[PDB]
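What follows is one structure encoded as structure tokens, with my remarks underneath.
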Amino acid sequence: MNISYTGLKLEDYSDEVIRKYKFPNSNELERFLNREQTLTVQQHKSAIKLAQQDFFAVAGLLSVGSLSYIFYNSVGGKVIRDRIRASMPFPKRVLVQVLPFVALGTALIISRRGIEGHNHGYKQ
Amino acid sequence: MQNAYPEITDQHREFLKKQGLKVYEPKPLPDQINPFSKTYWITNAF
Amino acid sequence: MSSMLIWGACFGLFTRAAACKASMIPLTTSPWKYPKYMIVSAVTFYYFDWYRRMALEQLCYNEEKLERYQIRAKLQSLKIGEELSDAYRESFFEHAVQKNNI
Amino acid sequence: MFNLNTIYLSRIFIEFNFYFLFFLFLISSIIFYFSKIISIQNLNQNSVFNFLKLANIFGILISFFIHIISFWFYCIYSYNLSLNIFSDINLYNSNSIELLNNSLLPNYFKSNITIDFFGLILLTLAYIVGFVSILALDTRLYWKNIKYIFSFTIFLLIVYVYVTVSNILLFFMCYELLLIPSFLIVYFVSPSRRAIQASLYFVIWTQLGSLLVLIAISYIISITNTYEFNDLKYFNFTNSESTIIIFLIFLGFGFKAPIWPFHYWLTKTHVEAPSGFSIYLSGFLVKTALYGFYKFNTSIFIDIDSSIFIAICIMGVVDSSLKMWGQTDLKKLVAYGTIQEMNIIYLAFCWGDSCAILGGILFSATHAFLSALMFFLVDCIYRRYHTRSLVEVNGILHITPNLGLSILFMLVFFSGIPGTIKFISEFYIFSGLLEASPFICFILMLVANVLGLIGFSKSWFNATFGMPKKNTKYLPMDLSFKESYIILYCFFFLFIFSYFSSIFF
Amino acid sequence: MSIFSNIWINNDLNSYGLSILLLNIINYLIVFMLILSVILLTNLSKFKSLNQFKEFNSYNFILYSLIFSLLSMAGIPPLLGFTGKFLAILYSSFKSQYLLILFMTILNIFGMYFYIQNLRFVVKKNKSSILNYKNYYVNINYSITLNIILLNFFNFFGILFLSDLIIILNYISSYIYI
Amino acid sequence: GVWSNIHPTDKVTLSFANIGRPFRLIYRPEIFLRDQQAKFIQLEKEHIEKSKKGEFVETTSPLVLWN
Amino acid sequence: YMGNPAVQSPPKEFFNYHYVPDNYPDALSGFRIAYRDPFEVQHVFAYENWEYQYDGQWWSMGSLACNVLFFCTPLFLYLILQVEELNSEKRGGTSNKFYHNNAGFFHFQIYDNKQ
Amino acid sequence: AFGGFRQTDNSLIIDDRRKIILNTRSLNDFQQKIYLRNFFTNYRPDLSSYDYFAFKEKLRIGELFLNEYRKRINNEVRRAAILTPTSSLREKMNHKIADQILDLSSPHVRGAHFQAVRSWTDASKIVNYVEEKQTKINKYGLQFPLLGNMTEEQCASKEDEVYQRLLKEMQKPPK
Amino acid sequence: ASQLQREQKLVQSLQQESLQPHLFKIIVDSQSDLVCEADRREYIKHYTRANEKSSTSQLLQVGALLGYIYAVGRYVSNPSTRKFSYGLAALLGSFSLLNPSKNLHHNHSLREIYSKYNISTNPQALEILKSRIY
Amino acid sequence: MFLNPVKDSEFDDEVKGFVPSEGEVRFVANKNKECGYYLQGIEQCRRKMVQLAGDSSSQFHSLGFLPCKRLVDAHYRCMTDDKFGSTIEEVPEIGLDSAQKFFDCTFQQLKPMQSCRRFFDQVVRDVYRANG
Ligand SMILES: Nc1ncnc2c1ncn2[C@@H]1O[C@H](COP(=O)(O)OP(=O)(O)O)[C@@H](O)[C@H]1O
């Protein structure tokens, strides 16, 4: 309540006190005020958006791969599944094989790019 | 890290070389053993 | 989420559904009960939100009034001989003398 | 080269994986409730129970994969976060990285997420043991009791909140929420008629432990009016208060551990509970008790000697190990093995936050997987030969070779073979105890690794070998692909977890 | 209650204990209505001995309502009966009564086994017939069923909304001395 | 949400973790402090006034309150 | 106590397997249930139902010295731990103490601030 | 607000700073905080929460660093066991290696022990040793990337600083 | 000699425009007084948005391939393996030739920000960038 | 932090660790637990004064952080136990450099208040070592 600018004069303090209590420059004051002295709010928002997109991509790919692998490889016993897969067109067999692997692999690739720092620019 | 062993003189080393002894040194991995070699990767492809 | 009216409407919907399941009657039975329950629950929970906010505000004011009571009870709860002791003489004379202006 | 993206990757993955599990559970519950009037199984192919089983098993599995990814994210984040504080030596700058919350989903229970290695190990154990247990409960869920297919999803959500909150009250509540689903599983899913009394014993024992923990947390909250471990760090308890708190938390979490003499409930329940819950009860919930004790005791300065608690734990180990010879019931023998392992793990947490909790965490994971494997083997034996007693079934290796091989390799893994992670945990705990107390370390190793092991192997070797002469018309078949793959996954984890990063161990 | 230079600082609320007592009484009344609403929904003459908790073995609503009401009475968390006991122990610790906490714990554990003992009797060899017959069919009262639904909601998830009840009861109790 | 929009702490924590505490302190901490600092604020104002006169009061020196 | 070598007639009254009402049976491997041996089932459900007959029977049943040693084992373990505590204190080694050297920080727990 | 627990001991408390006499049985929460709960619970109570977190991390790294010292001396002993025959191994080992082995022994390094029982002074000395190592490796910018996280601009500035430092040190007279 | 060559390379990079956004990013990272704080914030925002490597590109490429396979295996009757393989190769080649969702509405904002400072002929720009060279 | 430069060194920045006395540790810990209110007050005052008069067009911009000068002086008096003056400008010459570093790191390079506490405690430790 008493911590205010009312009643304060520069003539009531010495020049050393004025100098050591003086405000910094405008850029420093703005960086301190916005809490962006190291990382900016826009950098934080970009990182959050990338993290959310990465999670949604990974979860969707994992779900699609898990559902495709089970719904294609759980149609019967061994002989029944062999007959069903043999009585398929080539694109359908490719989908039965390619689809479960591609989604899970892409999710793992996204995770690997997440844990890695190849984007660092200090390289030669 | 320090040398950890009692030092010997260069005169002593010259005398040992005179007596037919040879200083032990590590030898590089052969192309078969080296995992960064064309021989290694050709073996892998085969 | 943010609307107590919508929260009450959802509560009434799910309450009607669970009462239908519990009674073993099929859902879609007495269909007018769904909007009725939604309206009743929405109004009741809206009023309860308003009443809890009012009660919290008046409770803060009652606590402001009660802090005086607790101080004057602590001064009146002093054991005999402690009223004029150095640890309570100032407060006791503030309440007995200074706070005697009726 | 650790940037801001990985921090938000880990935090977002944790929060949104909790929300993934919760949304799957909510959708499945809505479908289960609003598609039927009675919500019991319609005994036909076109039933929601097939969809319920599919949805729950797939939620568990996919959320487990997401949890693996989030655990790796957390490992990288924690390593680099500890590095950043350690890295900079200049006194002018300090690590001040302030993060923003996500926009799509709120903070559940208005609590910022705090993640520790023990908590995420506990969560991984939750996922895997729940997966195995639910795979072991399909033959038990039927007409009028299919509603417990959601039980493991409820456990996963409760523990997900449990291991991610810094609120001490939310921590205690999530520890307290594990009783109702467990009692409901034991009371309604168990086929044995003696399991009602076992459920009552489990409830009363675990609730006495919960009451002791409740008294301790009430002391903590009332004395220092807060709910944060940092606020606890900014407060000191007197010697009497600290002694009361440590005694109460140890006794409660040892009621749940269990510890000597509070394992009667565990024996009765394990003998009478369904095999899936027995996998989940021994594998996981006791580890939640361990995590609770570790979180409570580490945050409070205790100035008393822990010799009494160490003696209680060692007495539990000895008492459990000496009773293994006299068990003709394989499930009760596995229960005593669980008691022994649990007391050994609980011993490691009697030295505060020293370099002894590492062995405790590793042994918690190892015992989770070993107990899951052993109870699953008992389940296979009881489903094949319709018995568990040693006097009724023997010669399994000759009629069911895969089951006998699984039993033998389970014994090999349980004997602390160096290649697996039980040997690592034994090495940690026993080295620490030998430097602490050499004679007590030798006593513990002698009773546990010789006498208990001898009895345990005697009761299993007699079942594996012999002649299955009687009831040749009723002799079962070999192991199915589900059981074979579950056993192989248990073996694979016990082997390959020795190669996990040593930063956290 | 501290004093600094004849200025009193008051960090304790005197009216909090009465609010806790009121909350305990209200929670007990709510759980007691829940257990007796299930009874009033059925043939009241079917419940004579303690072994006749098997009679509640019926369609899942009555059975689960009974077992959850019994668990709530015993103080099993997070049910409504647990909240009152937890708050009582918290207030006793705040009032620094370790002996009272000990005796409360003894009473709580004995009463908890007293309540959960009857959960064993609920097991019945077959589904029971405890409903009155009106117009040749069992009379199921939808109004009482809805009341039980509301009580079950506030018994299962009442710990999420207990803060507002606590605020209301503390506000009511704050008038006792002012 | 709407139930827990009245305090930045979860409802369970509000219900159990605040035992015997003033709801003014729990919900309006700043007003609670400024109300209990009524005499101290006046003493600080008097100290500042006397300091502007060149009279440094040692007794009320510690009373430098920000909130 | 020991088993009786004499040949005995099969039991007529023995505890047997009992299942919960409305129990879904286990139908693995063709649902083939064999008749159970009475002696085997009696041994299965004997220890679970065994009880002491009179007060204090637990002491003298078997070996009194072994029972006393087993009963005093926790005390013996605590006293051995106290001796080891003496040895560690004389040598300044690891004691049976709750080492609060981390001041409350947990193991690899994330400690970050929100903006 | 922090509270307290009612005390039962009837023992007088005399405070020379405030010139007051109190009874332990009759103390409020603040009096208990300033009299009964005033003790320390960590090695360096004079440090902030952030400072003591850094101190604890450096102490753990120092314990692991002493264990690393012992492991390195063991590895060098293994190397001596292979590169030197037994006819002269013990002499060369007793030259310098045996003394360092006995220096890095059970009390001096934690090893496999649960807790390295250090006084606060010993913990501070270990942390100061770790800080000396950190200073001498950071002056040359060796922390990045194994022991430090730095942005690209920070790395470039550190490289320029290390280049100037290396030039200055190379152009100094020998001792 | 070598340092002179490094400074000459820095000047040559200053002359070019392709490396100009990168050099101005290095200037902004230094938090110097040459660039205004608002300019710093806006340039950081635009540079962060432009240099994002989102997972949506890989997700869309995965969805297009699997979508094509599903479409040709679902509706086409008696498909020809030759045409199916040719279509797979064509779509994979198109993915190879397609730039990774390159954006053009963020680079011009960068030049708007850094055109206020004559980086090529700024005495302060060289002084700031002499120390910081990647 | 607790490092002293080696006066005769073969390289530029060789340092040697030291451990403060138990008396110094006890004094600093007790005062920080007794005067931590002033430090948080200084942080909040700095933020509020940047919020109010941070803009150059404001009327109070020329006054700088002077409203927080009272908080700084109160913190100095509390940490020095009212034995080394009523203002931090009256600091003994041993703590003068540390006081200058604290003022720089607090009001010119607006670092997080952890570093500012480090420098202020350095002032207090210098004063204590001078006048133990
Ligand atoms: N369960 C048992 N308890 C005690 N003694 C046993 C038991 N089983 C076998 N024996 C002893 O082992 C011997 C083996 O007898 P057995 O071969 O089973 O009978 P038989 O000789 O009539 O075929 C018996 O004489 C008996 O004394």
Reachable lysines from C:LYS21, criterion Cα separation under 26 angstrom, eight or more residues apart if same chain
C:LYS33, C:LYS36, D:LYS36, D:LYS53, D:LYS144, D:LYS147, E:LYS46, E:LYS54, E:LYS124, E:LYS125, E:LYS127, E:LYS134
Can you tell me the Rg and the Dmax, both Å, for the Cα atoms in segment J:1-97?
18.1, 54
Beyond a 23 Å Cα-Cα separation, which of these cross-linked pairs lie in this structure: D:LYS295/H:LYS125; D:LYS268/D:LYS323; F:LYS53/J:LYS69; I:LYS9/I:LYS53?
D:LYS295/H:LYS125; I:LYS9/I:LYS53
Please compute the Cα-Cα pair-distance distribution of segment J:58-132 with 5 Å bins starting at 0, giving whole percents from short to long.
3, 16, 26, 26, 15, 8, 3, 1, 0, 0
Compactness of segment D:294-412, expressed as Rg and Dmax over alpha-carbon positions, Å
17.8, 59
Cα extents of segment G:39-92 per principal axis, largest first, Å, are 60, 24, 15
In the calculated pair distance distribution of the protein assembly as shown, what percentage of Cα-Cα distances lie above 71 Å?
13 percent
Using the basic label-point model (7 angstrom from Cα toward the beta carbon), what is the D:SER103 to G:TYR54 distance in nanometres?
8.4 nm
Anything in chain A that counts as a DSSP H helix reaching 24 Å or more along its axis (C-alpha) with Kyte-Doolittle mean of at least -0.5? List them, would you?
A:41-73, A:90-115
How many percent of the alpha carbon pairs in chain C exceed a separation of 21 Å?
62 percent
Would you mind ranking D:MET477, D:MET467 by Cβ crowding within 10 Å, fewest neighbours first?
D:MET467, D:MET477
Quick one: if you stick a label point 7 Å off each Cα along the C-beta vector at E:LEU40 and D:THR243, how many nm between them?
5.3 nm
Using only the Cα atoms of segment H:1-158, each taken as one equal point scatterer with no solvent, compute I(q) by the Debye sum, divide by I(0), and report log10 of the ratio at q = 0.13, 0.20 Å⁻¹.
-0.86, -1.22
Provide the FRET efficiency to the nearest 0.05 for the J:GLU22-A:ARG35 pair, computing r from the beta carbons and using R0 = 51 Å.
0.85
For segment D:183-230, take N as its residue count and report Rg(C-alpha) divided by 2.2 N^0.38 Å.
1.72
Give the calculated FRET efficiency between H:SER26 and E:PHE157 to the nearest 0.05, with a Förster radius of 56 Å applied to their Cβ-Cβ distance.
0.80
Indicate the helices, whole DSSP H runs only, in chain E that combine a mean Kyte-Doolittle hydropathy of -0.5 or more with a Cα extent along their long axis of 27 angstrom or more.
E:16-40
For every helix of n ≥ 4 consecutive DSSP H residues, a contribution of -39,500 (n - 2.57) applies; sum these over the protein assembly as shown, divide by its total residues, and give [θ] at 222 nm rounded to the nearest 500 deg cm²/dmol.
-19000 deg cm²/dmol
Size of electric dipole in chain B: Cβ of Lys, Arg +1 and of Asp, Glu -1, about Cα centre, debye, nearest 20
160 debye
Can you pull the one-decimal nm distance between simple spin-label points at E:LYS125 and G:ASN4, each 7 Å off the Cα toward Cβ?
3.2 nm
Projected area of chain A, taken from the Cα convex hull and averaged over every viewing direction, in nm²?
17.2 nm²
Where is the GNM fluctuation largest for chain E (alpha-carbon springs, 10 angstrom cutoff): E:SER45, E:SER65, E:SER163?
E:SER45
Over segment A:12-83 - Rg/Rh using Cα atoms and the Kirkwood inverse-distance radius
1.64
Viscosity 0.692 mPa s, temperature 37 °C: what is the translational diffusion coefficient of segment I:7-134 from Stokes-Einstein with a Kirkwood Rh over Cα pairs, rounded to a whole number of µm²/s?
181 µm²/s
Once you have all Cα-Cα distances for segment D:206-259, histogram them in 10 Å bins from zero and send the whole-percent values.
26, 49, 24, 1
Cβ-based charge dipole, the protein assembly as shown, positive-most Cα from H:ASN67, H:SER105, A:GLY7:
H:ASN67
Mean 1/r over all different Cα pairs, inverted: what Kirkwood radius does chain B give, in Å?
14.3 Å
Among the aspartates and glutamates, select those whose C-alpha is under 12 Å from the C-alpha of J:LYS33, and discard any that sit fewer than 8 residues away in the same chain.
H:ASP46
Under 5 Å between amide hydrogens, which residues at least 5 positions from H:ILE13 or on another chain qualify, with H placed 1.01 Å from N in the peptide plane?
H:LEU22, H:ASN23, H:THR24
Is the C-alpha gyration tensor of segment D:62-122 telling us rounded, prolate or oblate? Criteria: a/c under 1.5 is rounded; beyond that, a/b larger than b/c is prolate, otherwise oblate.
oblate
Quick check on the exposure proxy: order C:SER3, D:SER78 from fewest to most C-beta atoms within 10 angstrom.
C:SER3, D:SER78
Compute the helix-to-body angle for J:22-53: its Cα long axis versus the longest principal axis of chain J, expressed 0 to 90° and rounded to tens.
30 degrees
May I ask for log10 I(q)/I(0) of segment D:80-211 at q = 0.12 Å⁻¹, from a Debye sum over the Cα atoms as equal point scatterers with solvent left out?
-0.65
Which residue fluctuates the most in chain H, going by a Gaussian network model with Cα springs under 10 Å, if the choices are H:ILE101, H:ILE34, H:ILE20?
H:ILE20
Give me the dipole magnitude in Debye, nearest 20, for chain I about the Cα centre, with unit charges on the beta carbon: positive for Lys and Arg, negative for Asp and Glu.
620 debye
Cα-based Rg of segment E:17-154 normalised by 2.2 N^0.38 Å, two decimals:
1.20
Largest first and in whole Å, give the semi-axes of segment D:23-126's equivalent ellipsoid, each being the square root of 5 times a Cα gyration tensor eigenvalue.
44, 16, 9
Identify the chymotrypsin sites (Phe, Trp or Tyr not before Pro) of segment C:1-64 meeting these criteria: DSSP loop state and at most 12 other C-beta atoms within 10 Å of the C-beta.
C:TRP32
With Rg and the Kirkwood Rh both taken from Cα atoms, where does Rg over Rh land for segment D:420-470?
1.23
Taking chain D on its own, what percent of its Cα-Cα pair distances exceed 30 Å?
49 percent
Only Cα pairs within less than 10 Å get springs; with that Gaussian network setup on chain F, which residue of F:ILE48, F:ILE19, F:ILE31 has the largest fluctuation?
F:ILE19
Net charge dipole size for segment C:6-102 [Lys, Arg +1 and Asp, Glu -1 on Cβ; Debye, nearest 20]
780 debye
Segment I:18-87, Rg to Rh (Cα coordinates; Rh as Kirkwood inverse mean 1/r):
1.43
Shape call for segment G:21-115 from the C-alpha gyration tensor, a ≥ b ≥ c root eigenvalues: rounded (a/c under 1.5), prolate (a/b greater than b/c) or oblate?
oblate
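No value in this document is a laboratory result; all are computed from the given coordinates. Positions of Cβ are generated from backbone atoms using ideal geometry, with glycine treated the same way; all protein chains shown enter the neighbour counts.
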